[PDB]
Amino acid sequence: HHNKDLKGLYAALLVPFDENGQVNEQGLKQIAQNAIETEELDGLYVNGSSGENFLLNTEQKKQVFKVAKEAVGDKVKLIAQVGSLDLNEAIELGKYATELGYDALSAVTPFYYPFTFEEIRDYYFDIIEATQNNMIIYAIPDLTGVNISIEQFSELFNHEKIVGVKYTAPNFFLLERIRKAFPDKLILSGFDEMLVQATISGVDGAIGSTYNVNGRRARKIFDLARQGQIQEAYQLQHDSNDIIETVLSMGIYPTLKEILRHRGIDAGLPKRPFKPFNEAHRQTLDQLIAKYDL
């Protein structure tokens, strides 16, 4: 099917900032490039959670969208996250990413307020109507507190422009049901640490923050698992989970950015209120980098 066009493995693009929380355009270019050339991924997921997107103004997000695309070739896959509590902004950001040639939009489920399902649905439908691009639903119950049922996915997936879902719920019974119920829809998993379990559950790819530094083992996990080399794939998951668990204990986005500064990348700073990497973790992280050759 054509709904599997955007299959494969994406870096959820991190963003470097200066002291005043402004995008460092030069390090951004480098991080994009690092994800394609060094990590060998199929594409970038731009302005997602990992890019500190929800801390940004509209101009900043356009800035990220623009530099990301300029920074890669025509054959690279590009998904633009335009979700926002401000639907006018979401539509604005959607038209903008679309006119730039991003292959698909996506949008986090509306959050903060307890939106009814019907409100959630027409939020997606409205971005679609006004942009005419393909749309990937970004189901993330850990950050939003919003869960979507099988019946609700049926209604959503009945829209010929809702091409699939970045799936985040820690539930493999639900993953399996969705997989069986929507076999020609696109499913990308967003739990780096359960990449192997997602892969055997038939996901079409994955989107991840840790693939910015560990994209190579991720592709082995994904290929070894589909080739039935379950054991070798799983061993790489152990390896990948030492890395993920370690990086989470130190604060994931600044820490990943730090692993990149070690490759000689201008990885700048997180945007406040996120704090910079705590040096009291320097030794422990050096030991991690050497161990896994990061």
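Numbering starts at 1 and follows the sequence shown.
Check your understanding: Is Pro141 missing in a third or more of the other PDB entries that were compared?
Key -> Other entries vs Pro141: at least a third skip it.
Practice item. Can you let me know which of the two, 10 to 18 or 276 to 284, has the higher average C-alpha B-factor in the entry? Key: If you average the C-alpha B-factors of 10 to 18 and of 276 to 284, the larger mean comes out for 276 to 284.
Review point. Given the B-factors recorded for C-alpha atoms, which segment has the greater mean, 138 to 146 or 82 to 90?
Key: Mean CA B-factor is higher for 138 to 146.
Review point. Based on what the PDB entry reports, which of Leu186, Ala71, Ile178, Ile200 has the top C-alpha B-factor?
Key: Top of the list by C-alpha B-factor: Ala71.
Review point. Looking at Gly190, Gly164, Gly205, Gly101, which has the highest CA B-factor as recorded?
Key: Within the set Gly190, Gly164, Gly205, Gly101, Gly101 shows the top C-alpha B-factor.
Practice item. Could you look up the Cα B-factor of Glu52 in the entry and say which third of the chain it sits in: lowest, middle or highest? Key: According to the entry, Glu52 has a C-alpha B-factor in the chain's lowest third.
Review point. Ranked by Cα temperature factor within the chain, is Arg217 in the lowest third, the middle third or the highest third?
Key: Its C-alpha B-factor, which the entry lists for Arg217, ranks in the middle third among residues of this chain.
Practice item. Consider only the C-alpha atoms of the modelled residues in this chain, order them by B-factor as the entry records it, and name the third containing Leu224: lowest, middle or highest. Key: Middle third.
Check your understanding: Which third of the chain holds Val76 when residues are ordered by C-alpha B factor: lowest, middle or highest?
Key -> It falls in the top third of the chain.
Point to revise | Lowest, middle or highest third - CA B-factor, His238 | key: Answer is lowest: the recorded C-alpha B-factor places it there.
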